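Asker: Structure for this input, please:
(chains A, B, C, D, E, F, G and H, ligands or ions: 16)
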Amino acid sequence: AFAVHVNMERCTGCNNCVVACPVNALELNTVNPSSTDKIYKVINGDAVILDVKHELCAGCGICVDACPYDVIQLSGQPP
Amino acid sequence: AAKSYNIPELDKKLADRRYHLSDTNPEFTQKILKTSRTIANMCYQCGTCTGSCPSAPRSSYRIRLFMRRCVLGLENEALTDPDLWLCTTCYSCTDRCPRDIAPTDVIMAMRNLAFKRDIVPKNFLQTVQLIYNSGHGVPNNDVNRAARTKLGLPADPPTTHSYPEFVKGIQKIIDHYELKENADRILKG
Amino acid sequence: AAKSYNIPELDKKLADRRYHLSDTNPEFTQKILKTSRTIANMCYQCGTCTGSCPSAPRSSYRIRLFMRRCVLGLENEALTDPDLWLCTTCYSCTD
Amino acid sequence: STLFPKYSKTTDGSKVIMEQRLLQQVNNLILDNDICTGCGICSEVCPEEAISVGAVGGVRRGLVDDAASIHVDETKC
Amino acid sequence: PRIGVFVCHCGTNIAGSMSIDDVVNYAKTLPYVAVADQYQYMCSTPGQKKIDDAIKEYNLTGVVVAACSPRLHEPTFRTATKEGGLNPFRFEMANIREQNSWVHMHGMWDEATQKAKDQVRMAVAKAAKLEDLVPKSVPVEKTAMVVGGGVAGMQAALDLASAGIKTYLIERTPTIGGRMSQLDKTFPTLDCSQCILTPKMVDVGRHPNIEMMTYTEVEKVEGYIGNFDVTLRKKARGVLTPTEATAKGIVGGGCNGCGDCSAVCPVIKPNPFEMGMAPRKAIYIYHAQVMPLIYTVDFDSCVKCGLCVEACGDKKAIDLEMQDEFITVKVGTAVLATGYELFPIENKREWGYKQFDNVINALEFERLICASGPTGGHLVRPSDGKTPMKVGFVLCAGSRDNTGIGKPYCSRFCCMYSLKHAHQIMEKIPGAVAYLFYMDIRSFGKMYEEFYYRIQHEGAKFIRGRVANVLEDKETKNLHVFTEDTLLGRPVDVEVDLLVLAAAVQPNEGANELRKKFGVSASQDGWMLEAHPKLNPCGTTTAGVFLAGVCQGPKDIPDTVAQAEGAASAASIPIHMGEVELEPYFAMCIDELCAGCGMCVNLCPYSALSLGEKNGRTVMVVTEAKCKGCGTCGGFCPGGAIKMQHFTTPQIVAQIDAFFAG
Amino acid sequence: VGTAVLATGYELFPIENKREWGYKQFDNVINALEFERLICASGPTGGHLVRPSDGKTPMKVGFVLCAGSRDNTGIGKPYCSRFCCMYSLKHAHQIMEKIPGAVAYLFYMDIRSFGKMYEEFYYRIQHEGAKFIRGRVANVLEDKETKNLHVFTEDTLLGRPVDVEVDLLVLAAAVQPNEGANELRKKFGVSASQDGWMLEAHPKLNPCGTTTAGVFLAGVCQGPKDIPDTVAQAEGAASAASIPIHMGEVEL
Amino acid sequence: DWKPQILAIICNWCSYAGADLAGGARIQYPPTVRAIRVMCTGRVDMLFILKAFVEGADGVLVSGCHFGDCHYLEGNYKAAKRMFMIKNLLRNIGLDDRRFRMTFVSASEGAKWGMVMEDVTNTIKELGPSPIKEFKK
Amino acid sequence: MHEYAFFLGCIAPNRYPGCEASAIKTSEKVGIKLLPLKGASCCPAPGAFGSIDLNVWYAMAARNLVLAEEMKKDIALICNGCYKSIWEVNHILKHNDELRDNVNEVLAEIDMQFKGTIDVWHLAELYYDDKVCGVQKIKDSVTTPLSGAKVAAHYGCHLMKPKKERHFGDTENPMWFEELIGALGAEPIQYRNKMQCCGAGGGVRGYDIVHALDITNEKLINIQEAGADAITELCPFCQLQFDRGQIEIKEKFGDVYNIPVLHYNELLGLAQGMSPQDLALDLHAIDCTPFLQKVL
Ligand SMILES: Cc1cc2nc3c(=O)[nH]c(=O)nc-3n(C[C@H](O)[C@H](O)[C@H](O)COP(=O)(O)OP(=O)(O)OC[C@H]3O[C@@H](n4cnc5c(N)ncnc54)[C@H](O)[C@@H]3O)c2cc1C
Ligand code: SF4
Ligand code: SF4
Ligand code: SF4
Ligand code: SF4
Ligand code: SF4
Ligand code: SF4
Ligand code: SF4
Ligand code: SF4
Ligand code: SF4
Ligand code: SF4
Ligand code: SF4
Ligand code: SF4
Ligand code: SF4
Ligand code: SF4
Ligand code: FES
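Answerer: Residues are numbered from 1 along each chain as shown, chains lettered A, B, ... in the order given. Ligands and ions are numbered 1, 2, ... in the order given. I have put the structure below:
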């Protein structure tokens, strides 16, 4: 239930934070999908986090490790 | 202090140091209260203002003493004091006064009364002249125009340096209060 | 008052006006008490002495200020004051 | 108020040091963040319900800096 | 009806604003008025004699006195009306002084006379419709409650018990004693505080007439002067006294205060008695001189490890599953003695209280200097544990302050306790110097000025200047105190090893909740309010509740004890009599006008109204003891089925009609 | 009788001994109880404060606080009389509200407004415009013709000597045990304090009872106090005197 | 020929105390208001106000304790609701609703009581004679 | 992109133009748009002009405010003294009716009225606010770390004091400006009496230069003792004092510090990659070259 922050100023729209998030990958890539909500979607060229109320993230670091030009900061402390 | 001798050095040496009730100017106090917009008559001389002043450790300036003079109505003691212009208006005294007084606002009102009685340092009058002429206390010069050009900015800022029609309005504002007509007169001497 | 500049007029103008605990001379206070044979450390600065002095209304002489300097040990402030010799010893303050 | 129950939580390098000052008596719950594994057998067991579990995957992978695997409310401990 | 109108001059206070002769002639020509007459001082014995003679001669039904305020002289003239063969409540005043003369003195005389005629007419109209009331007498339960176990609470409890009244002593904390138990020595005599108080703590603990209930709160209070149904919360102490253990069946006993439990407890927490400077286990006593030596368990911090019960062994005093028990107690009177706490001085950022290590406040200094405190009585610097040699005392810290952060009042004892602390440091650390940054030394009490003289003689430095700000030296942790020596006339920078703030005091935590439970109001200052600020500093406006101690305003231990005994005497007055008379202003339901709608029932704050069965019809029932005479219900009821006894609708409407009569 | 309560009160210290303030020798120097009678509406005047010398209304009034108090010279009292700062504030307010345009000068040395609402009273008096000069009065001279009083002291905060000429000078004199109080307390067996007031059993925890059993103290006779503190002490003494009467037994 | 007839109904515990304090402090104000003195303002029935206005009160004032400072814990909330409703009734019967107001005066506000007196007198003088006195006929 | 009228007083455009240039560039890089103010003048400088005449102080500050009122925009500032004048006159004339009236009948001679419809912000205040660009956004925009530099902050006096008249919180030991310097990557250091006046306020800079320089020298001594490599500031007055006054101290006294003085906007430009030539660091009395060697 952590909080992710995306630096819009250096986001290129690469979409490798959307493809690599394992909560996004739940809908289409799971047998009998449990939850179909998504943290990121690239609207107007930058990654927007729809997870406003910080309910779905799990601090995995797959998205921080994925962005090619580090731009996603993961906060492990309560918002 | 026996009486007036009319020998100026002896009058200076034996000036009566003793406060009389003839020395109080309640009109001066009321003018200070009105202009400063502060409750200055409520000072109880705790010394916090002087203890916080940055001008006090290096001069004879005592803001608490000025507050006492305001309370007692000591006009011609407060106004003629050359340590009326050593306040930097840092507002530490106002920040810390336990009575919610603004001693620096009292200082500002005193400075206005001193100007109206023609005691004022010359830098103030020179700044008045500069603002009258160009609307700017620190005006532009050729070297700064060249520096701005080399930067890429226009050679003059978007101010009244580049829009000289507002200077006339500034001049009318100053002339309404007669600030220029007093500053030039005082400078002439 | 930032520090010593060694330019005598500027040192005079920006002399540190702020009392420090390094300024107190308890030896000076004890010598004063012994020589004067009086309880000078017990002053509570009521101002009666200055209010009675005949030298105060015509000079900068303040006997209460001298008492305060004695209490705080301000040697080189009390001794070098030229208004140390304006006391007529009229004893009104003591009275 | 009163000051001397000084509750502090300092991240000295890789050790998160949680402390309770007194005049002469201290109390140091020290977590070595290089050995924690993100299990919650410290949060399930806490009698006083202070230890909570944080970004286990990120911290255990090195992608998180401003947190440890676990957060201890040293005012409740 | 036959009414007499007696107009006082108040010794020219009224005759110098209106025409008393004209008012009197108008009263004579008024309807229902049998006699109208005047006198210089109607509150004096010839004035009462005049009233009584007029009553006897003219067979007066009622009396109207055109004089000062009812709030000043209802009892006088009601007693004068009684003595004379009337009911006390056939009397009505017309305030023509404090609301006519003193407000219409200047340049307006016939206008004040017309106002006086109008007021006299309205008073006569009401009095022609007043009728007989008899005050209600209610029994008084022969117990008393004292909330607060400080010196003021203990003194009040001992006083009541030795007068013979059974007393409850409620204390929220596990021990009695209060702040004086935390004090190390006492001004102006330098006695040890615990040594002088322990005798009285033992008396309280042993007195058969005192029910000492420590670690207990007051959940709710309902009732009145007669019976207060007070519900108490017995917080889960976790440990059984010997009496309770024997009751529960453990013959071997309960808690004997051996200390094995706290010797084995592994939890360590700050001690609130030592202002947090010292550790204490989860099972603990504040100090070794606590009166009930019973070793509370702190359930917010206990981990239920069970080592304490094994240590206690066969005594079996520890019950880790204990819960908050509730008890309801009926009492006749109540004494409030909640004390005080130190104002939060970390809000004044210029004195770095929480941010600099070596800045403390005066109760922490008192614990540090006490020989039973966290140190061995040795004052040491919190930053490094070294002995200070220069100590500063910031007097007025947060007091006489109109900026909205501090308190605008003087805390009364902070000048005296700062003198005590300066003496203590100068005598305990050889060669240490005390600096007091002061702004009006206030040594007003008995021997206080002599104490001040003695402290100056021992050599404390008194600098008359309120501290401006405090800076901490980065390395030595020394504190640079900046102010002006106002008498010397120069700024100063005194570098001290330890800075002590003489912080202001404020009402204790939860005191406002408790005084709202009991119905007491607050002062401008925020302390509990007294009935009359001059002549009744103990009683409150709500009957049967009395104030004692710092809860009514800051005071020294002598003044606190005098106030506590005064409150005990006032609380004993109605208990010894056993009767008390209530004011007959109650609501009375007229049943054959009540329709039983039940809508008035929720308009009573005191729950005096209810729906009941009378003659088959459901009508409203007034508990005349619970009614207070406000009149809300009777001003509501659309059918006029509620009658207010001395302020009935016919009476008030007669007053209105008389005002508009011309 | 079973118990006794002593409540003998106080009188004003004889301030004519302090010759520098010409109490008996200058007409327009009075003390605070004479001022209170002059300002009362039931007093010798119609409540109008007038100058004793000629019956004219004063326009400047001085209040000498600490008159004979906190004084270690052997003439005055070495203690504070507790209420003289407060009653001087009251009198300054009364003159400033009763005579329009009159100014009150208080020559003070530690304003002591310690009780409930006292500091607020002090604030209100300063707001209404009393002048507070921090200096103990040195001496008083009488003008030979106008009978006005020249008050000489130093304004310690201003740092200069002053000469304030007032129409009326009021001395806030110290209080002392009433006349005959020592005789009565010797009849009852009560001792005296260092200050000269009646002594209590324990100065902290028993300010009402005395060492001789069955005798209790109430009021200013045990030490100066305001009417609130006096009443609290009186009820405390009544409670202590009732303790043995209600029991009916007492153990020797 | 015309003098305003203003009637006040002041509670005993704060408004009567405040008026008494103003008198004691010698605060002058015009002699136009006459008071009734009930225990609480909760006692004030609507029919009292309406009876005053129909007898011909040019103005009516009801003065009580501040919210949270009623002697009887909550009796002035009831009065406040009643007077809000009275303001609405007078507006809808076409009488000028500023002939009526309810002020909250504490026991220590003698100055505020004087100011209330002055302002009520001024407002009623501006408004003029009440219309009921001629509408009756 | 929030839009503000950019007041731009006297010293930044006419002595330190790099300050205003970096202000515009860096504010645009973060989500802020700084629009020129049309014919603005000297905010009647609070010391040197308020000491003379408060009424003309009010009138000129109100004229400056009504320019942006006609523009229908919120003022943004980069000077603590200009903040004092503009913001405080705005606040006073939003609440004092007789002063509104007086200023309005003075301004009616130039066909111009004050109604009090806009708000005044300091640029650092905007950079700190979270609705507008926050500390995190500043960290995001930073592209050159500026690491390994000790930087001392001077808050000034007219931004934060008196706290009974402002809304920035504690004046005894604020840390907000230290967070903005920490965002850039430079470590902010703490020095003795960090909240001391620089000495240039109130016209003292002109009236008694030695007195003002002694007040400044106390600060410079403390800062050198701490070990600063530059002094950030949010005021062109304070920058002028700390910059010229180092030279005047070197000549009137014998003290040498050579501590560069930079506006926070200049440091923000350096962090975001602007060039020293584009910042006109050659226009400062004190050479910035050692600091540039450290942070570049
Ligand atoms: C640092 C310091 C030094 C002092 N030194 C001296 C000195 O030398 N000499 C001197 O004479 N005076 C001194 N005083 C003043 C002195 O402490 C007080 O006069 C005195 O303690 C007043 O006692 P009290 O019983 O009224 O209040 P307290 O002692 O505070 O007692 C109140 C008690 O009621 C309890 N309580 C509070 N609320 C509730 C509740 N809702 N329910 C139940 N119980 C409750 C509290 O726990 C406490 O036990 C000093 C004060 C301070 C702060
Ligand atoms: S941390 Fe994991 S779960 Fe959270 S947003 Fe990134 S990839 Fe998704
Ligand atoms: S992976 Fe990084 S750059 Fe790509 S969209 Fe996500 S945040 Fe932007
Ligand atoms: S701080 Fe305020 S109260 Fe104290 S001396 Fe200065 S102005 Fe007077
Ligand atoms: S505002 Fe003036 S008087 Fe006040 S502290 Fe600053 S320099 Fe001193
Ligand atoms: S020496 Fe002077 S100031 Fe000190 S107590 Fe004596 S008379 Fe007062
Ligand atoms: S002896 Fe006389 S002259 Fe000397 S200080 Fe005393 S009063 Fe003044
Ligand atoms: S999470 Fe807790 S239990 Fe698990 S390894 Fe870390 S400290 Fe131990
Ligand atoms: S009854 Fe009232 S008005 Fe009459 S004399 Fe007594 S106090 Fe005065
Ligand atoms: S071990 Fe038992 S008996 Fe002993 S102190 Fe603890 S609880 Fe009391
Ligand atoms: S149960 Fe354990 S933690 Fe609780 S008091 Fe006993 S030993 Fe201490
Ligand atoms: S008692 Fe003394 S220290 Fe305390 S608030 Fe009053 S004057 Fe200040
Ligand atoms: S008294 Fe009135 S309100 Fe109450 S129940 Fe009867 S009819 Fe209803
Ligand atoms: S008057 Fe009515 S509402 Fe008020 S207390 Fe009595 S019964 Fe209850
Ligand atoms: S109460 Fe005031 S006037 Fe009286 S002796 Fe004490 S300090 Fe002096
Ligand atoms: S007591 Fe006055 S409104 Fe209720």
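
Asker: helices or strands next to whichever strand or helix holds residue H:92 in the packing?
Answerer: Assessed by DSSP states H and E, residue H:92 sits inside helix H:80-93. On a contact count with 3 or more CB pairs under 8 Å, 6 or more residues apart in numbering or on different chains; DSSP states H and E, helix H:80-93 meets helix H:54-71, strand H:74-77, helix H:97-107, strand H:120-122, helix H:236-252. Any C-beta I mention is one placed from the backbone N, CA and C, and that applies to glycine too.

Asker: one more time with 10 Å, if that's ok
Answerer: helix H:11-14, helix H:54-71, strand H:74-77, helix H:97-107, strand H:120-122, helix H:123-128, helix H:236-252 (3 or more CB pairs under 10 Å, 6 or more residues apart in numbering or on different chains; DSSP states H and E).

Asker: For ligand 13, which of those is the nearest?
Answerer: The closest approach between ligand 13 and any of those, judged by CB to the nearest ligand atom, belongs to helix H:97-107 at 50.0 Å.

Asker: Are there helices or strands packed against the closest one, and which ones?
Answerer: Using 3+ CB pairs under 10 Å, 6+ apart, helix H:97-107 sits against helix B:166-177, helix H:54-71, helix H:80-93.

Asker: Just say which of those helices is most tucked in.
Answerer: helix H:80-93 (a mean of 24; mean count of other CB atoms under 10 Å in any protein chain shown).

Asker: next one: it to chain centre, how far?
Answerer: 13 Å (CA atoms, centre = their mean, to the nearest Å).

Asker: now the closest residue to ligand 8 within the stretch 51-200 of chain H, nearest residue through space, not along the chain?
Answerer: In the stretch 51-200 of chain H, the residue that lies nearest ligand 8 is residue H:136 (29.0 Å; CB to the nearest ligand atom). Excluding the flanking residues, the one nearest residue H:136 by CB to CB, 6 or more residues apart in numbering or on different chains is residue A:5, at 6.7 Å.

Asker: try residue E:245
Answerer: residue E:254 (3.4 Å).

Asker: Quick check, that neighbour in contact with residue E:314.
Answerer: No. Residue E:254 is not in contact with residue E:314 according to CB atoms under 10 Å; the separation is 11.4 Å.

Asker: Using CSV, lay out the helices and strands packed on helix H:80-93 together with distance to ligand 1.
Answerer: Compiled in CSV, the helices and strands packed on helix H:80-93 are given as follows (distance: least, CB to the nearest ligand atom, whole Å):
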stretch, distance to ligand 1
helix H:11-14, 52
helix H:54-71, 46
strand H:74-77, 47
helix H:97-107, 46
strand H:120-122, 43
helix H:123-128, 40
helix H:236-252, 43
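
Asker: Distance to residue E:47 added to those, as TSV?
Answerer: Listed next are the helices and strands packed on helix H:80-93 as TSV, based on distance: least, CB to CB, whole Å:
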stretch	distance to residue E:47
helix H:11-14	83
helix H:54-71	63
strand H:74-77	74
helix H:97-107	55
strand H:120-122	70
helix H:123-128	73
helix H:236-252	78
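
Asker: who wins for proximity to ligand 7 among these?
Answerer: Sorting the helices and strands packed on helix H:80-93 by CB to the nearest ligand atom, the top spot, which is the nearest, belongs to helix H:236-252 at 42.1 Å.

Asker: and the very next helix or strand once past that closest one, what other elements does it pack with?
Answerer: Of the helices and strands lying after helix H:236-252 in sequence (DSSP H and E), the nearest is strand H:261-263. Secondary-structure packing of strand H:261-263 (3+ CB pairs under 10 Å, 6+ apart): helix H:17-29, strand H:150-154, strand H:230-233, helix H:236-252, helix H:264-272.

Asker: With respect to residue B:34, which of the ones you listed lies nearest?
Answerer: helix H:236-252 (29.0 Å; CB to CB).

Asker: Pull the closest one out as CSV, backbone CA atoms only.
Answerer: Extracted C-alpha coordinates of helix H:236-252, given in CSV (Å, rounded to 0.1, in the frame of the first residue of the first chain):
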residue,chain,number,x,y,z
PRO,H,236,18.9,41.7,-3.5
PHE,H,237,19.4,44.1,-0.6
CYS,H,238,21.1,41.4,1.5
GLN,H,239,23.0,40.2,-1.6
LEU,H,240,24.2,43.8,-2.2
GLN,H,241,25.3,44.2,1.4
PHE,H,242,27.1,40.8,1.6
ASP,H,243,28.7,41.5,-1.8
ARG,H,244,29.7,45.1,-1.8
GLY,H,245,30.2,45.1,2.0
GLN,H,246,32.9,42.4,1.7
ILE,H,247,34.9,44.8,-0.4
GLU,H,248,34.1,47.8,1.9
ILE,H,249,35.1,45.6,4.8
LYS,H,250,38.3,44.6,3.1
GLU,H,251,39.1,48.3,2.7
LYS,H,252,37.7,49.9,5.9
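
Asker: Specify the angle between it and helix H:80-93 in degrees.
Answerer: 140 degrees (axes from the mean of the first three to the mean of the last three CA atoms, to 10 degrees).

Asker: Okay, angle between helix H:236-252 and helix H:264-272 too, please.
Answerer: 90 degrees.

Asker: which residues of chain B fall in strands?
Answerer: With DSSP state E as the criterion, chain B has strands at B:19-20.

Asker: Spit out the contact partners of the one residue in it that gets nearest to chain E.
Answerer: Chain B approaches chain E most closely through residue B:51 (3.2 Å), counting by CB to the nearest CB. Contacts for residue B:51 (CB atoms under 10 Å, 6 or more residues apart in numbering or on different chains) come out as B:63-64, B:92-93, B:96, C:18, E:437, E:465-469, E:481-486, E:491-493.
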